[PDB]
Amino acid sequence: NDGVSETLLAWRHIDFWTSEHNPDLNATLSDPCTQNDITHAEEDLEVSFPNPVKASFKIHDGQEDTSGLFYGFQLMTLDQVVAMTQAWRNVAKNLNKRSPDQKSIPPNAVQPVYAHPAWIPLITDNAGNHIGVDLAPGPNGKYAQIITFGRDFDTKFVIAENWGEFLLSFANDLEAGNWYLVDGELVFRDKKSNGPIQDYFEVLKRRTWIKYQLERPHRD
């Protein structure tokens, strides 16, 4: 299915978890987008948002203040999504005029380019990098797979099959105790290994890398 269930489930887990373990962060989570907010953004960008993503917006329109929900990375508002998508679209146009190896993991899952108009950012680094939804996949890719892209992602990672599965995998990390407070700033650590603090992109990259490797033995 599309992944709407996983979006609704994950947002309840996350809505809960913030009010309990970090009230200050709960407060940053915005009111729902209206259907017209979404329609206008879809019109401005000339694209259909996937169902789980539209579902996510009708629960929270990003974060407002605003230190980031996803272990420091900020959930983007719909206006930020539009402003940033156009920003990346300008980059892609200038790369046409003037035309580090761009790669993908899995190979051929994501287009090997610095910028693509159909890559819609949903989370931000506040430093040029994003998690977002890929509406123009490679040949071994899947439509509306979730990817990392930006300044420092010459290699691009497919981190989930849809927005719902991503939001859920994050909700699972919170429920599994893989977190530390610096109340204050939220950062990742693997609890079962008593491990150090880690940057969340590096965790998502490793897990993509791992999942690819474990799946490689299978074909038919």
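The first residue of the shown sequence is 1; numbering continues from there.
Omission of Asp154 is seen in none of the other entries compared for this protein where the adjacent residues are built, far below a third.
For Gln74, the fraction of other compared entries lacking coordinates, among those that model flanking residues, is zero, nowhere near a third. The deposited sequence places 10 or more unmodelled residues between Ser99 and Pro100. Unmodelled stretch separating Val182 from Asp183: 4 to 9 residues (count of deposited-sequence residues without coordinates). Taking only CA atoms, the mean B-factor in the PDB entry is higher for 90-98 than for the other of 125-133 and 90-98. Taking only CA atoms, the mean B-factor in the PDB entry is higher for 27-35 than for the other of 27-35 and 158-166. Ranked against the other modelled residues of its chain, the C-alpha B-factor of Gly150 as given in the entry falls in the lowest third. In this PDB entry, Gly141 carries a Cα temperature factor that places it within the lowest third of its chain's modelled residues. Ranked by C-alpha B-factor against the other modelled residues of its chain, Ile59 falls in the highest third. In the deposited entry, the Cα temperature factor of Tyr212 sits in the bottom third of values across the chain's modelled residues. Ranked against the other modelled residues of its chain, the C-alpha B-factor of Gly177 as given in the entry falls in the middle third.
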